[PDB]
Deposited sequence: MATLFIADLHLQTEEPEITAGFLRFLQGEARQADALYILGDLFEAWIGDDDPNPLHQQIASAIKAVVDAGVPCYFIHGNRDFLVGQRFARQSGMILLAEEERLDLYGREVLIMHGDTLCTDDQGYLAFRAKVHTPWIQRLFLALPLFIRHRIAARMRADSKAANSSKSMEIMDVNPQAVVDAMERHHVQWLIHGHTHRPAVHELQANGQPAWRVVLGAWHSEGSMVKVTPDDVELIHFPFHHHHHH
């Protein structure tokens, strides 16, 4: 089984979610062939140099899973797009592109975070355009941490996918399977893409529950678990 999670929004304020996640990595995840984290692992990220102890707890727990022979992958979300190569090294996680097309035991599956599909949010697409320009990233990161923190804190209902952008994405990739998070509305959806039945499996956020998508040679399941 290949596992997909997303939208853990981990943070110091919510340590129950953290312990939930550690129990999942210590347990379920070990038996997996691979684990993909499709973004919003962290509620916020201001750079890999952040000393926040949570960052190292997590990277440590994930690394042990990779050290167990189970490869962990990451796609960025809107919350944690600044996660970088140093965090990758600490956690043993391989960073991936915003869209990937997997071959899962013969089945071709498109994964992303899901936020690029929410094209009816004009104004988020402004924000995203800008925070993805390298030189805006490099600028932000070369500030000193204490100012990054102040910029973050001073910055204080999720628009669902545009249906057409979903089709276009599954058609651009010629796939009948899509897995994403971001929208926080866990569900299996049916649609038409490439003139055939297609499915969009949506992961949920981790609050009271956790969730995952489990892909096998024969099946694709979306699973909710309580803690």
### Query
In sequence order, what intervals of the deposited sequence carry no C-alpha positions?
1, 158-169, 241-246
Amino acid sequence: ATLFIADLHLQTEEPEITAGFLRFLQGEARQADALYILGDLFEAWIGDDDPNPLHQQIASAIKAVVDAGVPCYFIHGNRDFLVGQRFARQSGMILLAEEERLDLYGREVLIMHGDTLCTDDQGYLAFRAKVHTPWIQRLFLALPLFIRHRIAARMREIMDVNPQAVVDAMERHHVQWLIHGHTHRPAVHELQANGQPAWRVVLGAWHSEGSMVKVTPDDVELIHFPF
From here on, numbers count along this sequence of modelled residues.
### Task
Say whether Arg107, which has coordinates in the shown structure, is without coordinates in a third or more of the other compared entries.
no
### Unmodelled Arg148 in at least one third of other entries with both flanks present
no
### Task
Take the C-alpha B-factors listed in the entry for 64-72 and for 179-187, compute each mean, and give the stretch with the larger one.
64-72
### Task
Using the B-factors recorded in the PDB entry, average over the C-alpha atoms of 144-152 and of 111-119, then report which stretch comes out higher.
144-152
### Summary
Comparing C-alpha B-factors across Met159, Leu41, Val201, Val166 in this entry, the winner is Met159
### Query
Going by the entry, which third of its chain does the Cα temperature factor of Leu125 land in?
highest
### Task
Within this chain's modelled residues, let me know which third the CA B factor of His9 belongs to: lowest, middle or highest.
lowest
### Message
Which third, lowest, middle or highest, does the C-alpha temperature factor of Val83 belong to within its own chain?
### Response
lowest
### Task
Among all modelled residues of this chain, ranked by Cα B factor, put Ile223 in the bottom, middle or top third, i.e. lowest, middle or highest.
lowest
### Task
Classify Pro134 as lowest, middle or highest third according to the C-alpha B-factor given in the PDB entry, relative to its own chain.
highest
